[PDB]
$ cat protein-v2.cif   # mmCIF, C-alpha atoms
data_protein
loop_
_atom_site.label_atom_id
_atom_site.label_comp_id
_atom_site.auth_asym_id
_atom_site.auth_seq_id
_atom_site.Cartn_x
_atom_site.Cartn_y
_atom_site.Cartn_z
CA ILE A 1 76.40 67.30 99.33
CA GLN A 2 77.06 64.08 101.24
CA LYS A 3 80.35 62.48 102.37
CA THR A 4 80.65 59.04 103.95
CA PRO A 5 82.71 58.81 107.18
CA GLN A 6 86.07 57.10 107.22
CA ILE A 7 86.35 55.21 110.54
CA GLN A 8 89.71 54.34 112.07
CA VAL A 9 90.25 52.39 115.27
CA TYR A 10 93.58 52.32 117.06
CA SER A 11 95.30 52.30 120.42
CA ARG A 12 97.70 54.99 121.71
CA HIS A 13 100.43 52.38 122.55
CA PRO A 14 101.16 48.96 121.01
CA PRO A 15 98.80 46.73 123.02
CA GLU A 16 100.07 44.68 125.98
CA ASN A 17 97.60 42.62 127.98
CA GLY A 18 97.11 44.06 131.50
CA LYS A 19 98.70 47.44 130.63
CA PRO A 20 96.55 50.63 130.62
CA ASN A 21 96.18 52.23 127.21
CA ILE A 22 93.79 54.45 125.25
CA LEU A 23 91.47 53.25 122.48
CA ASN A 24 90.58 55.65 119.72
CA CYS A 25 87.89 55.85 117.08
CA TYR A 26 88.59 58.69 114.65
CA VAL A 27 85.67 59.43 112.39
CA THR A 28 86.57 61.63 109.45
CA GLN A 29 85.70 63.17 106.11
CA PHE A 30 81.93 63.28 106.70
CA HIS A 31 79.00 65.57 105.90
CA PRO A 32 76.38 66.36 107.12
CA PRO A 33 77.57 66.69 110.75
CA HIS A 34 74.82 64.66 112.49
CA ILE A 35 76.39 61.37 113.54
CA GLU A 36 76.26 58.63 116.17
CA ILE A 37 79.57 57.11 117.27
CA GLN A 38 79.64 54.28 119.86
CA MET A 39 82.69 52.38 121.10
CA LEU A 40 81.99 48.74 122.00
CA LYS A 41 83.70 46.18 124.22
CA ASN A 42 82.62 42.60 123.47
CA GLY A 43 79.54 43.96 121.67
CA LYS A 44 78.43 46.20 124.58
CA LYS A 45 78.56 50.03 124.59
CA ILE A 46 81.49 51.41 126.59
CA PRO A 47 80.05 54.05 128.97
CA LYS A 48 82.74 56.68 129.65
CA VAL A 49 83.61 57.73 126.06
CA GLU A 50 85.22 61.17 125.58
CA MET A 51 84.53 63.07 122.38
CA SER A 52 87.33 65.43 121.35
CA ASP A 53 89.31 66.93 118.48
CA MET A 54 86.35 68.07 116.44
CA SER A 55 87.60 69.95 113.38
CA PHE A 56 86.96 70.46 109.68
CA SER A 57 89.25 69.98 106.68
CA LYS A 58 89.73 72.49 103.86
CA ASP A 59 86.77 70.96 101.96
CA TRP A 60 84.60 71.50 105.12
CA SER A 61 84.27 67.77 105.92
CA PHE A 62 83.92 66.97 109.66
CA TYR A 63 86.46 65.13 111.81
CA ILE A 64 86.00 63.96 115.44
CA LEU A 65 87.73 61.62 117.92
CA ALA A 66 86.07 59.25 120.35
CA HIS A 67 88.39 57.81 122.94
CA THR A 68 88.48 55.89 126.16
CA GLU A 69 90.95 54.57 128.72
CA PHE A 70 91.18 50.79 128.57
CA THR A 71 93.25 47.86 129.67
CA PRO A 72 93.34 45.16 126.99
CA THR A 73 92.97 41.47 127.91
CA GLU A 74 93.63 38.70 125.37
CA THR A 75 89.92 37.72 125.06
CA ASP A 76 88.37 41.21 124.79
CA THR A 77 87.24 42.51 121.40
CA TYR A 78 86.75 46.20 120.70
CA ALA A 79 84.90 48.02 117.96
CA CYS A 80 83.49 51.32 116.84
CA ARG A 81 80.00 51.56 115.38
CA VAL A 82 78.86 54.61 113.45
CA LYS A 83 75.44 55.72 112.12
CA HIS A 84 75.30 58.44 109.52
CA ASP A 85 72.85 59.47 106.80
CA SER A 86 75.36 58.56 104.05
CA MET A 87 75.05 54.88 104.97
CA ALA A 88 72.02 52.63 104.73
CA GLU A 89 73.23 50.57 107.71
CA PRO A 90 75.49 51.36 110.69
CA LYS A 91 79.14 50.60 109.95
CA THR A 92 81.34 48.84 112.55
CA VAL A 93 85.11 48.87 112.41
CA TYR A 94 86.95 46.41 114.67
CA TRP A 95 90.19 47.06 116.45
CA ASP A 96 92.93 44.98 114.83
CA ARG A 97 95.74 44.64 117.36
CA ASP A 98 98.12 43.25 114.70
CA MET A 99 97.63 46.03 112.18
CA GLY B 1 108.43 78.16 114.71
CA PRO B 2 104.99 79.69 113.95
CA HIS B 3 101.81 79.17 115.97
CA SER B 4 98.05 79.48 115.43
CA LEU B 5 94.83 80.18 117.31
CA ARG B 6 91.82 78.66 115.51
CA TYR B 7 88.14 78.39 116.35
CA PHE B 8 86.01 75.86 114.51
CA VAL B 9 82.40 76.91 114.80
CA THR B 10 79.34 74.93 113.76
CA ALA B 11 75.62 75.67 113.84
CA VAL B 12 73.26 72.92 112.73
CA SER B 13 69.47 73.26 112.56
CA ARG B 14 67.20 70.43 113.70
CA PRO B 15 63.66 71.29 112.51
CA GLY B 16 61.03 69.70 114.73
CA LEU B 17 63.60 69.05 117.46
CA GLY B 18 64.11 72.50 118.99
CA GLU B 19 66.93 74.98 118.67
CA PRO B 20 70.06 74.44 116.56
CA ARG B 21 73.10 72.69 117.99
CA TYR B 22 75.88 75.19 118.35
CA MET B 23 79.54 74.43 119.04
CA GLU B 24 82.81 76.34 119.18
CA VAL B 25 86.06 74.37 119.45
CA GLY B 26 89.30 76.27 119.98
CA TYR B 27 92.84 75.10 119.15
CA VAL B 28 96.28 76.45 119.81
CA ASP B 29 98.34 74.75 117.06
CA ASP B 30 97.14 71.11 116.90
CA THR B 31 95.87 71.05 120.55
CA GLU B 32 92.24 71.51 121.59
CA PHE B 33 92.15 74.01 124.46
CA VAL B 34 88.56 75.32 124.85
CA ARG B 35 85.04 74.27 123.87
CA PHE B 36 81.46 75.43 124.00
CA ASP B 37 78.64 72.99 123.20
CA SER B 38 74.99 74.05 123.34
CA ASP B 39 73.93 70.46 123.97
CA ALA B 40 75.78 70.07 127.28
CA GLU B 41 73.62 69.84 130.43
CA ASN B 42 74.86 73.33 131.52
CA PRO B 43 76.30 75.02 128.38
CA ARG B 44 79.44 77.06 129.14
CA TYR B 45 82.93 77.51 127.74
CA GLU B 46 85.17 74.86 129.27
CA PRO B 47 88.91 74.24 129.37
CA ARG B 48 90.12 71.31 127.24
CA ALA B 49 93.84 71.61 128.05
CA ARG B 50 95.31 71.49 131.58
CA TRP B 51 97.16 74.84 131.32
CA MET B 52 93.85 76.69 130.83
CA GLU B 53 93.50 76.28 134.61
CA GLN B 54 95.58 79.50 134.67
CA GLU B 55 92.60 81.62 133.55
CA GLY B 56 90.31 82.99 136.28
CA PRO B 57 86.49 82.91 136.54
CA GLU B 58 86.21 86.20 134.62
CA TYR B 59 87.71 84.56 131.53
CA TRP B 60 85.17 81.73 131.52
CA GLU B 61 82.28 84.13 132.19
CA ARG B 62 83.19 86.47 129.29
CA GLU B 63 83.91 83.69 126.79
CA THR B 64 80.66 81.96 127.82
CA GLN B 65 78.63 85.13 127.31
CA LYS B 66 80.32 85.67 123.99
CA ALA B 67 79.52 82.06 122.93
CA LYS B 68 75.86 82.40 123.95
CA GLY B 69 75.62 85.61 121.91
CA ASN B 70 77.28 83.91 118.96
CA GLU B 71 74.84 80.99 119.32
CA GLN B 72 71.90 83.42 119.00
CA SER B 73 73.55 85.10 115.92
CA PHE B 74 73.94 81.75 114.22
CA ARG B 75 70.36 80.84 114.98
CA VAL B 76 69.31 84.02 113.16
CA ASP B 77 71.75 83.24 110.33
CA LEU B 78 70.23 79.77 109.74
CA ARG B 79 66.81 81.42 109.26
CA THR B 80 68.28 84.21 107.10
CA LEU B 81 70.01 81.80 104.73
CA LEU B 82 66.77 79.79 104.30
CA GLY B 83 65.36 83.00 102.85
CA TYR B 84 68.48 83.77 100.74
CA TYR B 85 68.41 80.31 99.14
CA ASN B 86 64.57 79.86 99.06
CA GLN B 87 64.70 76.66 101.14
CA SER B 88 61.96 75.12 103.30
CA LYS B 89 61.88 75.10 107.11
CA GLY B 90 61.80 71.28 107.21
CA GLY B 91 65.41 70.42 106.32
CA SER B 92 68.57 70.49 108.43
CA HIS B 93 71.29 72.97 107.39
CA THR B 94 74.82 73.67 108.60
CA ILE B 95 76.86 76.83 108.95
CA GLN B 96 80.64 76.41 109.54
CA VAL B 97 83.28 79.03 110.37
CA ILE B 98 87.02 78.87 110.82
CA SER B 99 88.33 81.97 112.52
CA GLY B 100 91.79 82.85 113.81
CA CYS B 101 95.32 83.98 113.40
CA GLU B 102 98.91 82.80 113.10
CA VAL B 103 102.01 84.44 114.55
CA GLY B 104 105.74 83.91 113.86
CA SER B 105 108.18 82.73 116.51
CA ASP B 106 108.56 86.46 117.46
CA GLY B 107 104.83 86.74 118.29
CA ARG B 108 104.01 89.00 115.35
CA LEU B 109 101.01 88.42 113.08
CA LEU B 110 101.68 86.41 109.90
CA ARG B 111 98.11 85.73 108.77
CA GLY B 112 94.49 86.23 109.84
CA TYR B 113 91.48 84.31 108.55
CA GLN B 114 87.73 84.02 108.70
CA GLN B 115 86.04 81.58 106.38
CA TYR B 116 82.37 80.58 106.27
CA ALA B 117 80.62 77.66 104.65
CA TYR B 118 76.95 76.77 104.20
CA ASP B 119 75.96 73.10 103.81
CA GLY B 120 79.60 72.20 103.30
CA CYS B 121 80.34 74.69 100.49
CA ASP B 122 82.32 77.98 100.53
CA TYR B 123 80.10 80.95 101.38
CA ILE B 124 82.18 84.01 102.25
CA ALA B 125 85.76 84.60 103.36
CA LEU B 126 87.92 87.49 104.44
CA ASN B 127 90.68 88.07 101.85
CA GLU B 128 94.35 88.09 102.93
CA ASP B 129 94.39 91.93 102.85
CA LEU B 130 92.04 91.82 105.94
CA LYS B 131 89.96 94.51 104.23
CA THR B 132 87.71 92.84 101.58
CA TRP B 133 85.55 89.73 101.19
CA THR B 134 85.12 86.99 98.62
CA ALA B 135 81.60 85.66 98.16
CA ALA B 136 81.14 82.28 96.48
CA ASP B 137 77.56 82.81 95.34
CA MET B 138 74.78 85.41 95.13
CA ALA B 139 73.44 84.74 98.61
CA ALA B 140 76.88 85.50 100.08
CA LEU B 141 76.88 88.68 97.98
CA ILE B 142 74.02 89.90 100.20
CA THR B 143 76.09 89.19 103.29
CA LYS B 144 79.15 90.94 101.72
CA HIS B 145 77.11 94.06 101.08
CA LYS B 146 75.76 94.12 104.70
CA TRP B 147 79.23 93.65 106.09
CA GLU B 148 80.64 96.43 103.87
CA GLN B 149 77.99 98.90 105.03
CA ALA B 150 78.50 97.96 108.71
CA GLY B 151 82.30 98.19 108.61
CA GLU B 152 82.59 94.50 109.54
CA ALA B 153 86.01 93.92 107.96
CA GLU B 154 87.53 96.72 110.02
CA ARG B 155 85.99 95.26 113.25
CA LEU B 156 87.29 91.83 112.24
CA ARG B 157 90.74 93.15 111.37
CA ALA B 158 90.95 94.82 114.81
CA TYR B 159 90.20 91.41 116.39
CA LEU B 160 92.73 89.55 114.24
CA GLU B 161 95.57 92.09 114.76
CA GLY B 162 94.70 92.85 118.37
CA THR B 163 92.70 90.40 120.55
CA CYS B 164 93.55 87.30 118.53
CA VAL B 165 97.32 87.77 118.55
CA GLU B 166 97.44 89.03 122.13
CA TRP B 167 95.49 86.06 123.49
CA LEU B 168 97.48 83.62 121.33
CA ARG B 169 100.71 85.01 122.87
CA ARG B 170 99.23 84.62 126.34
CA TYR B 171 98.10 81.00 125.67
CA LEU B 172 101.57 80.09 124.36
CA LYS B 173 103.16 81.60 127.47
CA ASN B 174 100.78 79.93 129.91
CA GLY B 175 100.81 76.61 128.06
CA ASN B 176 104.52 76.66 127.14
CA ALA B 177 105.39 73.31 128.73
CA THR B 178 102.67 71.62 126.57
CA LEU B 179 102.61 73.75 123.44
CA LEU B 180 106.35 74.28 122.89
CA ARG B 181 107.30 70.69 123.68
CA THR B 182 108.57 68.12 121.21
CA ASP B 183 107.59 64.42 121.52
CA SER B 184 109.71 62.22 119.24
CA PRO B 185 108.01 59.54 117.14
CA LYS B 186 108.63 55.92 117.97
CA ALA B 187 108.38 53.77 114.81
CA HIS B 188 107.87 50.13 113.89
CA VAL B 189 107.03 48.05 110.82
CA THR B 190 104.39 45.33 110.59
CA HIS B 191 104.09 42.66 107.90
CA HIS B 192 100.96 41.05 106.39
CA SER B 193 100.61 38.33 103.80
CA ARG B 194 98.60 38.78 100.59
CA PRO B 195 97.52 36.49 97.75
CA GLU B 196 99.82 36.45 94.69
CA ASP B 197 103.20 36.15 96.56
CA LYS B 198 103.06 39.75 97.77
CA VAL B 199 103.31 41.32 101.21
CA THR B 200 102.04 44.49 102.92
CA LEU B 201 104.64 46.38 104.93
CA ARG B 202 103.19 49.05 107.24
CA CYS B 203 105.34 51.73 108.86
CA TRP B 204 103.91 53.15 112.06
CA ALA B 205 104.94 56.36 113.82
CA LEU B 206 103.57 56.74 117.35
CA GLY B 207 103.57 59.18 120.23
CA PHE B 208 104.67 62.36 118.46
CA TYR B 209 104.07 66.09 118.92
CA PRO B 210 103.61 68.35 117.05
CA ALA B 211 101.45 66.74 114.39
CA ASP B 212 103.54 67.61 111.29
CA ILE B 213 105.42 64.55 110.14
CA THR B 214 106.64 62.82 106.98
CA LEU B 215 106.72 59.05 106.40
CA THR B 216 108.04 57.63 103.17
CA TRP B 217 109.02 54.23 101.88
CA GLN B 218 112.14 53.79 99.73
CA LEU B 219 113.46 51.15 97.34
CA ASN B 220 117.07 51.61 96.11
CA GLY B 221 117.14 55.25 97.22
CA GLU B 222 113.94 56.31 95.40
CA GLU B 223 110.73 57.34 97.16
CA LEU B 224 107.62 55.30 96.29
CA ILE B 225 105.01 58.07 96.90
CA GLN B 226 102.66 56.86 94.11
CA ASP B 227 102.35 53.22 95.37
CA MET B 228 101.85 54.04 99.10
CA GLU B 229 98.67 53.82 101.13
CA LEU B 230 98.45 56.00 104.23
CA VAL B 231 96.18 57.61 106.77
CA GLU B 232 96.01 61.28 107.63
CA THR B 233 97.90 62.08 110.79
CA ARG B 234 95.53 61.52 113.65
CA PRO B 235 95.16 62.34 117.34
CA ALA B 236 95.67 59.46 119.82
CA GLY B 237 93.66 60.68 122.80
CA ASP B 238 96.38 62.22 125.02
CA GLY B 239 97.56 65.20 123.00
CA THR B 240 99.92 63.24 120.78
CA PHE B 241 99.53 62.04 117.20
CA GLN B 242 100.09 58.98 115.04
CA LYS B 243 100.32 57.96 111.42
CA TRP B 244 101.01 54.98 109.22
CA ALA B 245 102.07 54.42 105.63
CA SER B 246 102.18 51.08 103.79
CA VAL B 247 103.55 49.65 100.53
CA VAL B 248 102.92 46.31 98.79
CA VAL B 249 106.12 44.43 97.90
CA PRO B 250 107.20 41.00 96.54
CA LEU B 251 107.58 38.16 99.10
CA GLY B 252 111.30 37.55 99.69
CA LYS B 253 112.24 41.16 98.88
CA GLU B 254 111.14 43.00 102.06
CA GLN B 255 114.78 43.63 103.11
CA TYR B 256 115.22 46.12 100.25
CA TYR B 257 112.48 48.52 101.40
CA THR B 258 113.08 51.16 104.08
CA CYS B 259 110.66 53.39 105.97
CA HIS B 260 111.86 56.96 106.59
CA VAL B 261 110.44 59.17 109.36
CA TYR B 262 111.06 62.95 109.45
CA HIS B 263 109.92 65.04 112.41
CA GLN B 264 110.89 67.97 114.64
CA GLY B 265 111.87 65.56 117.45
CA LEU B 266 114.20 63.50 115.23
CA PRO B 267 117.59 65.26 114.93
CA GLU B 268 118.30 62.61 112.31
CA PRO B 269 115.37 60.95 110.52
CA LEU B 270 114.58 57.35 111.39
CA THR B 271 115.32 54.61 108.86
CA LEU B 272 113.78 51.20 109.55
CA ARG B 273 112.76 47.92 107.91
CA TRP B 274 110.77 44.82 108.75
CA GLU B 275 112.38 42.73 111.54
CA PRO B 276 111.47 39.02 111.02
CA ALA C 1 89.85 84.80 122.59
CA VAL C 2 86.84 84.02 120.34
CA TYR C 3 85.40 86.69 118.01
CA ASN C 4 81.84 88.10 118.47
CA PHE C 5 80.44 87.13 115.03
CA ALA C 6 78.19 89.36 112.93
CA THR C 7 74.87 88.23 111.53
CA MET C 8 74.81 87.26 107.81
#
$ encode --input "protein-v2.cif" --output "structure tokens"
Amino acid sequence: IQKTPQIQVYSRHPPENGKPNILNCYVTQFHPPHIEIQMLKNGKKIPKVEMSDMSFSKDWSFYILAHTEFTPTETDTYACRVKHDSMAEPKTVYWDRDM
Amino acid sequence: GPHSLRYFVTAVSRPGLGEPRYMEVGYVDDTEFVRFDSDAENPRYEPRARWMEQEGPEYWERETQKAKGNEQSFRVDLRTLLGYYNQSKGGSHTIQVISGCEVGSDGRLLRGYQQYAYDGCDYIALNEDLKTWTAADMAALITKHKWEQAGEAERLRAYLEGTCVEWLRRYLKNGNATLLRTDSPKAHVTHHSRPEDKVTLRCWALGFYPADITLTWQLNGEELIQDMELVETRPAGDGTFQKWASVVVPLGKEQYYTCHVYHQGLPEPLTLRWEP
Amino acid sequence: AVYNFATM
């Protein structure tokens, strides 16, 4: 069986330019467990990314959090790019500050 | 209220690429507190919550040795199940286990559990009696029979009633400032235009602990559960959680819809609307 | 805290 990841990108606090925050990429509801999750700043991989909160749901699908400390600036764009066998191409979800 | 100790364990084969990846992730309630990952540079059990600094070197040594033994057991299991199911050595397979216990506010056992899956499907589980197994297929029936002959349920029950509850009590004591805290949600509503003279209203709840929460939208006193989009409550990187729920409403009529937030840290539930 | 799991 094969389940496509749901990818959600969000900050811990409502974003304010110049104020430290945390960016999150929660990747959920997927199977099989092999996966690549990269967080990107202006199209470039962010180096210090912490992986945490790995769990499974009742239907055994995998859940995991990538997160990183960050200080937003008005020009910076952030994204999460995920490669999984369920998807022909890597899927990228962009942080939408106004969501 | 009640509390839980849960281990999420995963073994994943990688034919052609060496030994399986093996991980154990431990939670007290909704908080990650320990982890073992076979792919780390130096694989050992590690603290994932600050209060686990209160355990000495002997704790980390024992848990590490136990994890390494478990890793070897799961390696064997992956090969065993290939035989049970008549599968080739060339494909990746996954074993998953959820193992743990829940206690009441008085520290006494409410429930124990141990559930296994293979390739994302139910395999075998301990029943709520803590004495018998349910097997989902004929492969798992082989495992059930081995475990019956070896007295495995009694060994497992002794863990669940003994070790599991006793360590859970200790973790709750040591981690009380983190685990028994309440962080109140802070909420806000955002507004987005749509085609067709309609409007998305999104109610956000931020910064809360524990994870259990309810967000609803109301029109004229009635909940709109069928028309709502939402996300599953989700961790926000610092031990708190967040959630949103949205509804689509007619332009000009946003004032009539209210978001309601119910949580442990809200003596009275929040009621809010869009603020132009 | 973690159980010592049995082989399957």
$ residues_near_point --input "protein-v2.cif" --point "(75.9, 86.3, 109.7)" --cutoff "9 Å" --atoms "all atoms listed in the file" --output "NGL selection string"
(:B and (73-74 or 76-78 or 80-81 or 143 or 147)) or (:C and (5-8))
$ residues_near_point --input "protein-v2.cif" --point "(107.3, 51.6, 103.4)" --cutoff "12 Å" --atoms "only C-alpha atoms" --output "VMD selection string"
chain B and resid 187 to 191 199 to 205 214 to 219 222 to 230 244 to 249 254 to 261 271 to 274
$ atom_distance --input "protein-v2.cif" --atom1 "CA of residue 13 (chain B)" --atom2 "CA of residue 39 (chain B)"
12.6 Å
$ atom_distance --input "protein-v2.cif" --atom1 "CA of residue 85 (chain A)" --atom2 "CA of residue 9 (chain B)"
21.4 Å
$ closest_residue --input "protein-v2.cif" --among "A:46, A:21, A:66, A:37" --to "residue 90 (chain A)" --atoms "only C-alpha atoms"
A:37
$ closest_residue --input "protein-v2.cif" --among "B:75, B:50, B:68, B:108" --to "residue 164 (chain B)" --atoms "all atoms listed in the file"
B:108
$ atom_distance --input "protein-v2.cif" --atom1 "CA of residue 18 (chain A)" --atom2 "CA of residue 41 (chain A)"
15.4 Å
$ residues_around --input "protein-v2.cif" --residues "residue 235 (chain B)" --least-positions-apart "2" --cutoff "10 Å" --atoms "all atoms listed in the file" --output "ChimeraX atom specification"
/A:12,24-26,52-53,64-65,67 /B:30-31,207-209,211,232-233,237-243
$ build_atoms --input "protein-v2.cif" --residues "region 60-75 of chain B" --atoms "N, CA and C atoms" --output "PDB file, in the frame of the given file"
ATOM      1  N   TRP B  60      86.199  82.682 131.886  1.00  0.00           N
ATOM      2  CA  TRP B  60      85.170  81.730 131.520  1.00  0.00           C
ATOM      3  C   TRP B  60      83.790  82.390 131.420  1.00  0.00           C
ATOM      4  N   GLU B  61      83.538  83.397 132.249  1.00  0.00           N
ATOM      5  CA  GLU B  61      82.280  84.130 132.190  1.00  0.00           C
ATOM      6  C   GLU B  61      82.148  84.915 130.879  1.00  0.00           C
ATOM      7  N   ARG B  62      83.183  85.685 130.524  1.00  0.00           N
ATOM      8  CA  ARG B  62      83.190  86.470 129.290  1.00  0.00           C
ATOM      9  C   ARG B  62      83.077  85.604 128.035  1.00  0.00           C
ATOM     10  N   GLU B  63      83.921  84.578 127.950  1.00  0.00           N
ATOM     11  CA  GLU B  63      83.910  83.690 126.790  1.00  0.00           C
ATOM     12  C   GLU B  63      82.540  82.996 126.663  1.00  0.00           C
ATOM     13  N   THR B  64      81.990  82.575 127.789  1.00  0.00           N
ATOM     14  CA  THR B  64      80.660  81.960 127.820  1.00  0.00           C
ATOM     15  C   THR B  64      79.587  82.920 127.286  1.00  0.00           C
ATOM     16  N   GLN B  65      79.607  84.165 127.749  1.00  0.00           N
ATOM     17  CA  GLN B  65      78.630  85.130 127.310  1.00  0.00           C
ATOM     18  C   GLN B  65      78.818  85.415 125.847  1.00  0.00           C
ATOM     19  N   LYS B  66      80.066  85.467 125.392  1.00  0.00           N
ATOM     20  CA  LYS B  66      80.320  85.670 123.990  1.00  0.00           C
ATOM     21  C   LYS B  66      79.785  84.493 123.143  1.00  0.00           C
ATOM     22  N   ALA B  67      80.032  83.267 123.607  1.00  0.00           N
ATOM     23  CA  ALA B  67      79.520  82.060 122.930  1.00  0.00           C
ATOM     24  C   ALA B  67      77.980  82.020 122.844  1.00  0.00           C
ATOM     25  N   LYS B  68      77.316  82.375 123.933  1.00  0.00           N
ATOM     26  CA  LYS B  68      75.860  82.400 123.950  1.00  0.00           C
ATOM     27  C   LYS B  68      75.311  83.449 122.977  1.00  0.00           C
ATOM     28  N   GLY B  69      76.015  84.571 122.863  1.00  0.00           N
ATOM     29  CA  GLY B  69      75.620  85.610 121.910  1.00  0.00           C
ATOM     30  C   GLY B  69      75.843  85.125 120.480  1.00  0.00           C
ATOM     31  N   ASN B  70      76.964  84.458 120.268  1.00  0.00           N
ATOM     32  CA  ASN B  70      77.280  83.910 118.960  1.00  0.00           C
ATOM     33  C   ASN B  70      76.239  82.860 118.568  1.00  0.00           C
ATOM     34  N   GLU B  71      75.851  82.015 119.539  1.00  0.00           N
ATOM     35  CA  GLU B  71      74.840  80.990 119.320  1.00  0.00           C
ATOM     36  C   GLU B  71      73.516  81.610 118.817  1.00  0.00           C
ATOM     37  N   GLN B  72      73.100  82.713 119.434  1.00  0.00           N
ATOM     38  CA  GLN B  72      71.900  83.420 119.000  1.00  0.00           C
ATOM     39  C   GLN B  72      72.053  84.029 117.592  1.00  0.00           C
ATOM     40  N   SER B  73      73.237  84.564 117.266  1.00  0.00           N
ATOM     41  CA  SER B  73      73.550  85.100 115.920  1.00  0.00           C
ATOM     42  C   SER B  73      73.461  84.050 114.857  1.00  0.00           C
ATOM     43  N   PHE B  74      74.020  82.880 115.143  1.00  0.00           N
ATOM     44  CA  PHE B  74      73.940  81.750 114.220  1.00  0.00           C
ATOM     45  C   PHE B  74      72.542  81.178 114.063  1.00  0.00           C
ATOM     46  N   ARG B  75      71.750  81.213 115.127  1.00  0.00           N
ATOM     47  CA  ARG B  75      70.360  80.840 114.980  1.00  0.00           C
ATOM     48  C   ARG B  75      69.640  81.735 113.951  1.00  0.00           C
TER      49      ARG B  75
END
